[PDB]
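Protein chains in written order, with full-length UniProt numbering: chain R, 33 to 586; chain V, 33 to 586.
Before any comments, here is the structure.
Protein chains: 2
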Amino acid sequence: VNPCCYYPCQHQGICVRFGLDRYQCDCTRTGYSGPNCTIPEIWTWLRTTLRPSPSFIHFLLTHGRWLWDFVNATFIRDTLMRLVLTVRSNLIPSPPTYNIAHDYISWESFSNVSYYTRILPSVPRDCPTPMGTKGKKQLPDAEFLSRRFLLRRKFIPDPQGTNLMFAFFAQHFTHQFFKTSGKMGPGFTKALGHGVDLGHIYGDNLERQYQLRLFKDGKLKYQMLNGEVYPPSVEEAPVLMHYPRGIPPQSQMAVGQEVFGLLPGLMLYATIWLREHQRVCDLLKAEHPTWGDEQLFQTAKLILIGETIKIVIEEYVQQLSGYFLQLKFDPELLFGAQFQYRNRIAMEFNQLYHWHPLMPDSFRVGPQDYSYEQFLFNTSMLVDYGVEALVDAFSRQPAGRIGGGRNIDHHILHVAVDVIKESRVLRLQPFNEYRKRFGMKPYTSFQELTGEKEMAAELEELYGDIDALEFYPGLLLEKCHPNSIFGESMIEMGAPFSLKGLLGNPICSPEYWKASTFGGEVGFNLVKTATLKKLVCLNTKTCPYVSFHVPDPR
Amino acid sequence: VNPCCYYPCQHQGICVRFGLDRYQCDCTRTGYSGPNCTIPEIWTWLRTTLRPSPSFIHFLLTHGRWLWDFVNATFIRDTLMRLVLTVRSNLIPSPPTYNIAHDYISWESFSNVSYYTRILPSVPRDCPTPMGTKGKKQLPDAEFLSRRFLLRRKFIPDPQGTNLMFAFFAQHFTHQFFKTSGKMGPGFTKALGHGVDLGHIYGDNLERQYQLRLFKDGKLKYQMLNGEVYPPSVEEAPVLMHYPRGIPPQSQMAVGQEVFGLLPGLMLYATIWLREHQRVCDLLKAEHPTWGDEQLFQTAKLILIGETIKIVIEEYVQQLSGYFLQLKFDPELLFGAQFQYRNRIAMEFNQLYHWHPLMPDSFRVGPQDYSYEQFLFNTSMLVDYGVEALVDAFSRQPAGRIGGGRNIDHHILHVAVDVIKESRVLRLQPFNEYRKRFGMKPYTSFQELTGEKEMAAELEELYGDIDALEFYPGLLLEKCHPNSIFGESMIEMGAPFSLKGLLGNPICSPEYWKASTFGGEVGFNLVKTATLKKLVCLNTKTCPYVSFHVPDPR
Ligand code: HEM
Ligand code: HEM
Numbered sequence: 033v034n035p036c037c038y039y040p041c042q043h044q045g046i047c048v049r050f051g052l053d054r055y056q057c058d059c060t061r062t063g064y065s066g067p068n069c070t071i072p073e074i075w076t077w078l079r080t081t082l083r084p085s086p087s088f089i090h091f092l093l094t095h096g097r098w099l100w101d102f103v104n105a106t107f108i109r110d111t112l113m114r115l116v117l118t119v120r121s122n123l124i125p126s127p128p129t130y131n132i133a134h135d136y137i138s139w140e141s142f143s144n145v146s147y148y149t150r151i152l153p154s155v156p157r158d159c160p161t162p163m164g165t166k167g168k169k170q171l172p173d174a175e176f177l178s179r180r181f182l183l184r185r186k187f188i189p190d191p192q193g194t195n196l197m198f199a200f201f202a203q204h205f206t207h208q209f210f211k212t213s214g215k216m217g218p219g220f221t222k223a224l225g226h227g228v229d230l231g232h233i234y235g236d237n238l239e240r241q242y243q244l245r246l247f248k249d250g251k252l253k254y255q256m257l258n259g260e261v262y263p264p265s266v267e268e269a270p271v272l273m274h275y276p277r278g279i280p281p282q283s284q285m286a287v288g289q290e291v292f293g294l295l296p297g298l299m300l301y302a303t304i305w306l307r308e309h310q311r312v313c314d315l316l317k318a319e320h321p322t323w324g325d326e327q328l329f330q331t332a333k334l335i336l337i338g339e340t341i342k343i344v345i346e347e348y349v350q351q352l353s354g355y356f357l358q359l360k361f362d363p364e365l366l367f368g369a370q371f372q373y374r375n376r377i378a379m380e381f382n383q384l385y386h387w388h389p390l391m392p393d394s395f396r397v398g399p400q401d402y403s404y405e406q407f408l409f410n411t412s413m414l415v416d417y418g419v420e421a422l423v424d425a426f427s428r429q430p431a432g433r434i435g436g437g438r439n440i441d442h443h444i445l446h447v448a449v450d451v452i453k454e455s456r457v458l459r460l461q462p463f464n465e466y467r468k469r470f471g472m473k474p475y476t477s478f479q480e481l482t483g484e485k486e487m488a489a490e491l492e493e494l495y496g497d498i499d500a501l502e503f504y505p506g507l508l509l510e511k512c513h514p515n516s517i518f519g520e521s522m523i524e525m526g527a528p529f530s531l532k533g534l535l536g537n538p539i540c541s542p543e544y545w546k547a548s549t550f551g552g553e554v555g556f557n558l559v560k561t562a563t564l565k566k567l568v569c570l571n572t573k574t575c576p577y578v579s580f581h582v583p584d585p586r
Numbered sequence: 033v034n035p036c037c038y039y040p041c042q043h044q045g046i047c048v049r050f051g052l053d054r055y056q057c058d059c060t061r062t063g064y065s066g067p068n069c070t071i072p073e074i075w076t077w078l079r080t081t082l083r084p085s086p087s088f089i090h091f092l093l094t095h096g097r098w099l100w101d102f103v104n105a106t107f108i109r110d111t112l113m114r115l116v117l118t119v120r121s122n123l124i125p126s127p128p129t130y131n132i133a134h135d136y137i138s139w140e141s142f143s144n145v146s147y148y149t150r151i152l153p154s155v156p157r158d159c160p161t162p163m164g165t166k167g168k169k170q171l172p173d174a175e176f177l178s179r180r181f182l183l184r185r186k187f188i189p190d191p192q193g194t195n196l197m198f199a200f201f202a203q204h205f206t207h208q209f210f211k212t213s214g215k216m217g218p219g220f221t222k223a224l225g226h227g228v229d230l231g232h233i234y235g236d237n238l239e240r241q242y243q244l245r246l247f248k249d250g251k252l253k254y255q256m257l258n259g260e261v262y263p264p265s266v267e268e269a270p271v272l273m274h275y276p277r278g279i280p281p282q283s284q285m286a287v288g289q290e291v292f293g294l295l296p297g298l299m300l301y302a303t304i305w306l307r308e309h310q311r312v313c314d315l316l317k318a319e320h321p322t323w324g325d326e327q328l329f330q331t332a333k334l335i336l337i338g339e340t341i342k343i344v345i346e347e348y349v350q351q352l353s354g355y356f357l358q359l360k361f362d363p364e365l366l367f368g369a370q371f372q373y374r375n376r377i378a379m380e381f382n383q384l385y386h387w388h389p390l391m392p393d394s395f396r397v398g399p400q401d402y403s404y405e406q407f408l409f410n411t412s413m414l415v416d417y418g419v420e421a422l423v424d425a426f427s428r429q430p431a432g433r434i435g436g437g438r439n440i441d442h443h444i445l446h447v448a449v450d451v452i453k454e455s456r457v458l459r460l461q462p463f464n465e466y467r468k469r470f471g472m473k474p475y476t477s478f479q480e481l482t483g484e485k486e487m488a489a490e491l492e493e494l495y496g497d498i499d500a501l502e503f504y505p506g507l508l509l510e511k512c513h514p515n516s517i518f519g520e521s522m523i524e525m526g527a528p529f530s531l532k533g534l535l536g537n538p539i540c541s542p543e544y545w546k547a548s549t550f551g552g553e554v555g556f557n558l559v560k561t562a563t564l565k566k567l568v569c570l571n572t573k574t575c576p577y578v579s580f581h582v583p584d585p586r
């Protein structure tokens, strides 16, 4: 009973439940027609039938680097880059649609921005299985799936050669828009602003942003330890910070994102970006002696946002895609498109970025391995080695494979367990529903999913139906592409959430991406040539190896 | 000293002050080039030179109704309507640009949404005149300009034949997005949501919205006086309401916008829309017996927003434009355009909608005139005459001319005085700067402005330079078009602020304007055929004369 439990409306048509026993699919401009939105318009049809396999497109982006050096040297770089942007971005709705409270559009869902859109509604709470129709009557014990399948047995490094500089960049970056409320529950972001507002550096709330500001030359407060510039102490900026009970204000560093006390990893980066902010303030001060503090501050936040979003497209995403296409951040590729410039980070996007397999077994800085119980919460390590050293270290140690399964180190394995349970509170739909939704074809067996027989078989025994595989488990347990860090679904589902958040940033709008926004060519060129090496090395007394890539191929 | 005081950058290029003594104009994609953004690209040029006079275009929209009956019967209705939408909407920046605190783009200006964008920055606080360069060293005494020029001498009715149903619709409507904070100051809207969020019916803050809700069938609370449905008392919904000290809870009606106790006018309408909400709830309940309260509520807010925004385009704006073009609200005209769906109501747009000249000398309901001291705060009048009667009355009494000057009745003349003083705190730029900005040509004399010699001459004596006429005074004192309620500037500056707020509503987005949003065809057709007569008459026991127009031409 309840027709919408059968997920009847295909090609993202919407199932509105009508009088009691019946329902209706709204196929408004889905490209399909008829009662379950399934008969293709001739165009719709032709497009889909000619669309090449995802797994195949991947290989073309990792086919002969010669041809791609040539394509990268022509304007086709720009064409394909525009096209990646448009095509991938169209899959994410704008304005936002639903949230935990509403599986319909409402104005509230549209304005209460403490919320996280979901792109697919809840499994209706009146369905037979907790997953709709198919599946076991009661889901697998989370604790169990994680120990049995997610847990690191033997460390598998990522084949693409990702290092911890990347692992930690990703952590830092992600934690400016993923900040689940806790005190309100799942759904609910405390990181309102919903994207690359650099609130991990400056604060999710103004009051804290003023607490971290110097209010001189547009600068941010800091402290000076040994030779260098390190974040101020909670002594000099009250701000808050989560630190294990019994750690003292003085020894705590005040940062922006309250969690970053947790590891050096997080702290390292927040130091680089504070140093970078100061630097930019001074160039801007030099340029405009009139400016005054507030304008220097705000213009600096804009440059650094421009920097962050360039480094992410041209270096971070270029590292984990592994495409030979040279990606580029040129906002102007979208000025001819019908693109909306706004973003709402989705709860599903939060599940998908739960990629803790990157974290290794121990942390080798210098020639000494550190345990997690030495690394996590170590307050001195940063100050002791200094930004230069740690960058080099993290740049050399490899990060783990994400996809494939059996790779979450036990110290953090509990997190993946909480993720699966949140999928459950969240009532996230099946995996495959999301597969369909992101333009992919559903798995017919776990054997197709995994790509082996042993796990697949037990997984089958547990879930009961491939059509009942939970979203996060399936994401992590799917077969990796060739010799890649994850497989098909991570890229096809993750990529649109990521490119809309990046290019849907107001800065990229024709209205804002003008040189004056940044304070004239000076500022504007700083965002236009930002580079990870430049970020680290211009703020360090000596340049280490800095890369998202593990060296030389060693 | 301070180059930007001379307003150097033409065609809305932006004057960034550089090292001390010098500055630079950023002409990024203005269509013009060179140091003050003045040399036209050949396209830019050709367009502008071929653009017909505004005053002329107006006459074409009030040229032979025969030709316009034919154009209205073809698809050209839709073409011109699309074109009005695109063309007018392009003049308003999206995302928002500045605010009182920032005359540069900043992320804060972009996210602290208690703010009101201004489309042109402040007169820099270091300029010689308070208006930049030109003008008297100290501005005209507000008190004086208003008594001398704004004040109603003899009532001039509006020639277009606008009535008080319109006067009060406009008041009600406007007060859902103009809610200056007071406790924070000028700048600062308490009506966050910035547009047609129907927060005048439902509340600017959720907590109050829950206080006004019944939480049964999606309905809103109410009370039953004599035969009809009237808003609940502050007794039954705490909510707040501004009522003159000493009025008791029971006699106060609880509404949504706290000010609406002030007049029957405001209350009358809030009664119609509460009755309309309930009605819609029931149709929706009838359609979907499954639905439950929250979804009925939210789907009703969406229908009523759709209604409000139709009635405004096809009836309200059609009444005060007086064009023979039949305007239409069809969101689909913009699905091919590059339109951004977001709005931020501007402080200037608040000044311009300060059009208090509509209010008459006394209020004749029935055959008895009421004084302002009988009308304002009269708690019984609504209940005493009932919605039916008052609609008829207000539908017959004519509203005053807006433009032209000398028409603000003394009882409310003080308001216009506060407006001019807020223009001053706000440091709003000259009038003409805004003229240029909205694609018009500046006045060379007050004589050109006004269109007579006596006021113009004294005005000149007071302001010192035509290029120093304050924005609101100039708006109200400019010569009315032919036999129209206001003149050129009110339409050319007001119209874009208005059409972006209307069509930049999320509901109009391709993502939302689907039948399901509204709950299937039923709901969707209610927004698609909404009419003022339907609004009033389907919620009243007997249909009066209902119009924005004064009858028959009498
Ligand atoms: C490889 C880098 C990492 C990435 C990309 C990553 C990503 C994430 C993300 C996206 C969240 C969700 C945040 C929210 O919405 O509130 C999260 C939560 C969490 N992560 Fe990580 N993380 C990483 C490394 C770590 C490490 C090293 C630890 C170990 C200290 C860790 C422990 C946790 C915990 C405890 C939570 C919050 C509690 C919970 O979800 O139940 N993460 N992580
Ligand atoms: C013809 C209909 C009217 C329109 C279109 C109109 C419009 C406005 C607007 C746009 C505001 C600004 C609201 C804000 O930002 O806070 C306002 C303020 C005000 N109006 Fe009206 N109004 C109308 C009739 C009236 C009447 C009849 C009165 C007399 C009781 C009145 C008295 C005021 C007062 C006292 C203020 C607030 C104080 C101030 O601005 O100093 N208005 N009006």
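Built from N, CA and C at the ideal position, the CB exists for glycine as well.
With 16 other CB atoms within 10 Å as the buried threshold, where does residue i fall?
i              : result
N515 (chain V) : exposed
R277 (chain V) : exposed
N258 (chain V) : exposed
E493 (chain V) : exposed
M522 (chain V) : buried
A448 (chain R) : buried
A318 (chain R) : exposed
Give the C-beta separation of residue i and residue j to the nearest angstrom, bearing in mind that I take them to be a contact with Cβ-Cβ under 8 Å.
i              : j              : result
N195 (chain V) : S579 (chain V) : 7 Å
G483 (chain R) : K511 (chain R) : 4 Å
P127 (chain R) : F142 (chain R) : 6 Å
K360 (chain R) : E347 (chain R) : Wrong, their Cβ atoms sit about 11 Å apart, outside the cutoff.
Hey, residue i and residue j: beta-carbon distance below 9 Å or not?
i              : j              : result
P160 (chain R) : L171 (chain R) : no
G167 (chain R) : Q461 (chain R) : no
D190 (chain V) : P156 (chain V) : no
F91 (chain R)  : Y147 (chain R) : no
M285 (chain R) : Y301 (chain R) : no
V559 (chain R) : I279 (chain R) : no
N375 (chain R) : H226 (chain R) : yes
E520 (chain R) : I498 (chain R) : no
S427 (chain R) : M197 (chain R) : yes
Answer with yes or no whether the minimum CB distance from residue i to chain A is below 9 Å.
i              : result
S548 (chain R) : No chain A is present in this structure, whose protein chains are R and V.
According to DSSP, what are the bridge partners of residue i?
i              : result
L183 (chain R) : R:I440
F107 (chain R) : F107 (chain R) is not bridged to any residue.
Counting pairs of beta carbons, one from the segment 57-68 of chain V and one from the segment 224-234 of chain R, are three or more of them closer than 8 Å? no
Counting pairs of Cβ atoms below 8 Å between the segment 432-451 of chain V and the segment 320-334 of chain V, do you hit three or more? Here the segment 432-451 of chain V does not lie against the segment 320-334 of chain V, with fewer than 3 beta-carbon pairs under 8 Å apart.
Inter-stretch contact (C-beta, 8 Å, three-pair minimum) for the segment 402-413 of chain V and the segment 485-501 of chain V: The answer is no - the segment 485-501 of chain V does not touch the segment 402-413 of chain V, with fewer than three Cβ pairs under 8 Å.
Count Cβ pairs between the segment 175-193 of chain R and the segment 75-86 of chain R that sit closer than 8 Å; are there 3 or more? No, because fewer than three Cβ pairs between the segment 175-193 of chain R and the segment 75-86 of chain R fall closer than 8 Å, the two stretches do not touch.
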